[PDB]
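Values below: all heavy atoms of this structure, side chains included; hydrogens, waters and symmetry mates excluded. Chain A is the first sequence line, chain B the second, and so forth, proteins listed ahead of strands; every chain is numbered from 1.
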Amino acid sequence: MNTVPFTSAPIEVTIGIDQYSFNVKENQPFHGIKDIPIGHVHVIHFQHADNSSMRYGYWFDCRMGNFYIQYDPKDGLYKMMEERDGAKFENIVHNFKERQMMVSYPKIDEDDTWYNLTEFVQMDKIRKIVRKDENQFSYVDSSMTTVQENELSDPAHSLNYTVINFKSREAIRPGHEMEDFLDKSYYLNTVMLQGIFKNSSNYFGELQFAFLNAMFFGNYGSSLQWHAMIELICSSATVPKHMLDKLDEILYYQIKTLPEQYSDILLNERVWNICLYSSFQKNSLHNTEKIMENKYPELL
Amino acid sequence: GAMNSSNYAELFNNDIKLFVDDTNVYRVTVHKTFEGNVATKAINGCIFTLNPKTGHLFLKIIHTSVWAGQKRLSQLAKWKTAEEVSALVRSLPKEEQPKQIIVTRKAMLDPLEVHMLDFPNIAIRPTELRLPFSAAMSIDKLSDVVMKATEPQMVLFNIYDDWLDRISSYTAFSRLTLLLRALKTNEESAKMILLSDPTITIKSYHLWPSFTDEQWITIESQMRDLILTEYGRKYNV
Ligand SMILES: O=C(NCCO)c1ccc(Cl)cc1
Ligand SMILES: O=C(NCCO)c1ccc(Cl)cc1
Ligand SMILES: O=C(NCCO)c1ccc(Cl)cc1
Ligand SMILES: O=C(NCCO)c1ccc(Cl)cc1
């Protein structure tokens with residue numbers, strides 16, 4: 001069980017740790033989060049009390065280093081930093097744990113919700129999308145645009161998701177125009193799975209990464225990417241059976257976790273009705289259709 | 001974007017464009033089977049591709065053999081249309097290729113866009129105008145070449161005959177749309193107007209009669225009259 005200590009909490013902030021969130025008051029004696037499970041990737045996110053604009057945060061894996069959070073009063077945000085002196089870090093964490101100034105990542109017997117949301121998210125894979133090589137953790141905020149959004153303006157601060165465009169020459173074989181447009185299996189299985197991702201594990205990971213960025217940061221580019229990756233599978237007549245079954249499980253947990261009050265904006269009516277009711281896979285997503293119909297029957 | 005009454009003179013500027021109408025590509029007769037069920041039998045069709053500035057009509061004839069053993073023919077027809085327009089464009093020299101292609105029905109946008117991905121600089125556009133190009137098959141010479149075709153064929157016409165020698169393309173398109181709108185609302189009365197007089201003939205190389213300027217005013221007046229008598233009878237006026 002690992003620890004993300006905090007230098008201080010000088011500004012009032014709502015702090016997010018995976019699917020959980022808690023409030024810290026201005027100058028409250030808060031010195032971080034302990035008992036963070038090892039073996040899972042994590043996200044620590046931030047929403048200042050004084051400015052609801054700019055949810056921002058850090059994706060990280062405790063196995064890759066000792067990380068702490070310290071407020072920067074010049075740039076005005078909580079920053080993640082790496083302490084390479086392992087003894088100083090051990091010495092600091094133990095002091096905060098003795099004075100009980102750290103909140104504890106909850107440990108309930110009935111839970112696998114974070115695992116189900118992050119099954120194919122990896123820290124090294126994350127760095128291919130969010131480029132900042134000198135750090136082991138990856139910063140994301142609400143406003144970061146995607147490479148594709150930048151095609152439709154700072155490239156260093158972008159989200160490099162895999163571009164998906166259904167009316168593109170990559171998507172459409174010359175002479176197979178109607179076939180490939182109406183049945184996207186070529187684009188899914190050959191262009192994307194066999195030539196870009198390499199395996200479905202990777203397809204599922206970027207999709208999972210896209211959903212969490214959309215949900216935790218309100219990143220419009222991430223939301224577009226998540227729906228595009230769902231739509232490509234559901235618009236394909238030929239999809240391996242194991243991929244359909246996992247997709248159903250993946251989506252089920254995303255819909256289950258989505259805050260009810262943001263469904264209206266987080267879920268694209270057209271993509272979901274098409275996927276559940278018109279597409280080739282309309283009959284293949286039993287768990288997802290059941291939770292969607294019982295929880296958000298208005299969107300449909 | 002979409003073409004309407006507000007940007008209507010753009011049809012007659014010097015940017016090459018083509019209208020594509022697909023309403024006569026897939027044509028059938030519905031009939032009863034010996035068992036008392038219903039069946040269709042396809043008949044020859046055509047793509048109506050028109051340059052509104054020059055009057056140049058690229059009539060691609062769609063022979064019934066193109067449907068043999070195919071499924072979902074109304075969907076296929078849109079994709080077959082787009083395949084054939086794309087092939088036409090590619091067959092033209094670069095300086096003759098259109099800058100824009102206007103489809104008369106919005107269901108043609110995605111098929112044409114996908115077939116023209118190689119041409120990113122050609123704009124594929126819809127229109128809010130309710131143009132009467134479906135009545136193209138009420139033109140006797142166009143109907144004749146479609147129904148006699150025994151194989152796929154492209155035939156070229158000028159749908160304005162020699163009118164551009166005497167009137168502008170804006171006026172020529174107006175006259176064409178008026179004639180076609182009349183043919184669509186009552187074809188018999190329309191054709192009686194056009195052909196009642198046995199001394200005005202259609203030249204071998206023309207589609208419409210050789211009307212003098214004054215006779216065209218009379219003709220055009222008679223077509224308006226016909227369109228109003230039925231537009232008003234519709235809603236009893
Ligand atoms: O060094 C620290 N802060 C000053 C450097 O800016 C520091 C290091 C690690 C932890 Cl946990 C806390 C503070
Ligand atoms: O849930 C928390 N606070 C109360 C919410 O009602 C919370 C969540 C996570 C941690 Cl790590 C600490 C407190
Ligand atoms: O493999 C990925 N896709 C990009 C390939 O360029 C991937 C996998 C997992 C995550 Cl979390 C993100 C991207
Ligand atoms: O469409 C969005 N917002 C409503 C317009 O104000 C939207 C959708 C998804 C995300 Cl993640 C963010 C914004």
Side-chain angles (χ1 to χ4, degrees), chain B residues 1-24 46-59 98-105 125-143 156-197 200-203 205-232 234:
Chain B
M3 206 265 304
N4 55 36
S5 305
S6 306
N7 56 18
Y8 179 78
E10 187 182 8
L11 300 180
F12 316 106
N13 69 24
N14 295 99
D15 290 9
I16 305 175
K17 43 189 74 77
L18 305 165
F19 282 115
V20 176
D21 183 75
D22 69 318
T23 67
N24 286 308
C46 68
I47 306 163
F48 180 95
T49 301
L50 174 69
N51 186 325
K53 184 87 177 189
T54 61
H56 283 197
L57 176 60
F58 304 83
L59 201 79
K99 298 293 182 174
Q100 304 171 19
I101 304 177
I102 306 161
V103 294
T104 62
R105 312 193 289 173
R125 298 180 53 197
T127 178
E128 303 308 340
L129 306 172
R130 41 277 194 181
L131 292 160
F133 296 147
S134 67
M137 287 297 94
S138 302
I139 301 172
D140 290 325
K141 284 190 186 176
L142 299 187
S143 183
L156 297 193
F157 297 93
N158 192 316
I159 204 163
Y160 294 157
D161 293 341
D162 62 343
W163 300 339
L164 290 179
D165 298 343
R166 304 192 65 84
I167 64 183
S168 66
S169 69
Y170 178 107
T171 297
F173 191 78
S174 298
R175 175 183 298 163
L176 175 70
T177 63
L178 171 62
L179 288 179
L180 293 177
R181 179 60 61 197
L183 284 162
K184 191 176 178 167
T185 317
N186 195 327
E187 179 181 15
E188 185 230 335
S189 304
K191 292 194 184 201
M192 284 297 295
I193 290 174
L194 285 162
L195 315 168
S196 54
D197 182 343
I200 326 176
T201 61
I202 306 174
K203 295 302 148 297
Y205 50 93
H206 282 168
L207 294 177
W208 315 95
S210 308
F211 286 123
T212 72
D213 283 23
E214 299 317 308
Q215 295 175 329
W216 266 123
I217 301 293
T218 306
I219 292 296
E220 294 168 331
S221 324
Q222 287 171 7
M223 291 299 189
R224 287 190 291 270
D225 288 340
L226 180 164
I227 289 168
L228 161 64
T229 353
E230 329 250 1
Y231 178 83
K234 267 202 142 263

Engineer: Would you say B/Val103 and B/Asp22 make side-chain contact, with heavy atoms under 4.5 Å?
Structural biologist: no

Engineer: Report yes if some heavy atom in the side chain of B/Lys53 is under 4.5 Å from a heavy atom in the side chain of B/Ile16; otherwise report no.
Structural biologist: no

Engineer: So, B/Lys17 side chain and B/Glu10 main chain: donor-acceptor pair closer than 3.5 Å or not?
Structural biologist: yes

Engineer: Counting only pairs under 3.5 Å, give me each side-chain donor-acceptor contact of residues 179-187 of chain B, with atom names and distances, residues two or more places apart or in other chains.
Structural biologist:
unit_1	atom_1	unit_2	atom_2	d
B/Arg181	NH2	B/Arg130	O	2.5
B/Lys184	NZ	B/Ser134	OG	3.1
B/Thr185	OG1	B/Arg181	O	2.8
B/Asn186	OD1	B/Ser189	N	3.3
B/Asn186	OD1	B/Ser189	OG	3.2
B/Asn186	ND2	B/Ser189	OG	3.3
B/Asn186	ND2	B/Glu230	OE2	2.6
B/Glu187	OE2	B/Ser138	OG	3.3

Engineer: Enter the distance from B/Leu129:CG to B/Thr177:OG1 here, rounded to the nearest 0.5 Å.
Structural biologist: 9.5 Å

Engineer: To the nearest 0.5 Å, how far apart are CE in B/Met223 and CD1 in B/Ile193?
Structural biologist: 4.5 Å

Engineer: The criterion is side-chain hydrogen bond (donor to acceptor under 3.5 Å, both in side chains); which residues satisfy it with B/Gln222, sequence neighbours excluded?
Structural biologist: none

Engineer: Grab the two heavy atoms, one from B/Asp161 and one from B/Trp208, that are nearest each other, plus how far apart they are.
Structural biologist: OD2-N, 2.9 Å

Engineer: A side-chain contact here means heavy atoms from C-beta on lying under 4.5 Å apart; do B/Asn158 and B/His56 qualify?
Structural biologist: yes

Engineer: What pair of heavy atoms forms the shortest contact from B/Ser169 to B/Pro52, and how long is it?
Structural biologist: CB-O, 4.1 Å

Engineer: Do B/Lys191 and B/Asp140 touch side chain to side chain, with heavy atoms closer than 4.5 Å?
Structural biologist: yes

Engineer: Tell me the closest heavy-atom pair linking B/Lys203 and B/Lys141, and the distance in Å.
Structural biologist: O-NZ, 3.0 Å

Engineer: Under the side-chain contact (heavy atoms from CB on, under 4.5 Å) rule, what do B/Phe58 and B/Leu156 come out as? Steps first, then yes or no, please.
Structural biologist: CA-CA 5 Å; B/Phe58 304 83; B/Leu156 297 193; 3.4 Å; yes

Engineer: Please give me the minimum heavy-atom distance between B/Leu59 and B/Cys46, naming the atom from each residue.
Structural biologist: CD1-SG, 3.9 Å

Engineer: Return the CD1 to CZ distance between B/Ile217 and B/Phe211, rounded to the nearest 0.5 Å.
Structural biologist: 12.0 Å

Engineer: Could you state the interatomic distance from CD1 (B/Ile167) to CG (B/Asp162), rounded to the nearest 0.5 Å?
Structural biologist: 9.5 Å

Engineer: Looking at B/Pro98 and B/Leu18, what are the two nearest heavy atoms and their distance?
Structural biologist: CG-CD1, 4.0 Å

Engineer: How long is the span from the OG1 atom in B/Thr23 to the CD1 atom in B/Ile47, to the nearest 0.5 Å?
Structural biologist: 11.5 Å

Engineer: If you take all heavy atoms of B/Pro209 and B/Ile200, which pair is closest and at what distance?
Structural biologist: CB-CG2, 4.1 Å

Engineer: Over 60° means perpendicular and under 30° means parallel, so tell me whether B/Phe173 and B/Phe19 are parallel, tilted or perpendicular.
Structural biologist: parallel

Engineer: With rounding to the nearest 0.5 Å, note down the distance linking CD1 in B/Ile159 to CZ in B/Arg175.
Structural biologist: 13.0 Å

Engineer: Using the benzene-type ring in the case of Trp, are the ring centres of B/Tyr8 and B/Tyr170 under 6.0 Å apart?
Structural biologist: yes

Engineer: Would you say the side chain of B/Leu50 lies within less than 4.5 Å of the side chain of B/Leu176, judging by non-hydrogen atoms?
Structural biologist: yes

Engineer: Do the rings of B/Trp163 and B/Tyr160 sit parallel, tilted or perpendicular, given the 30° and 60° boundaries?
Structural biologist: parallel

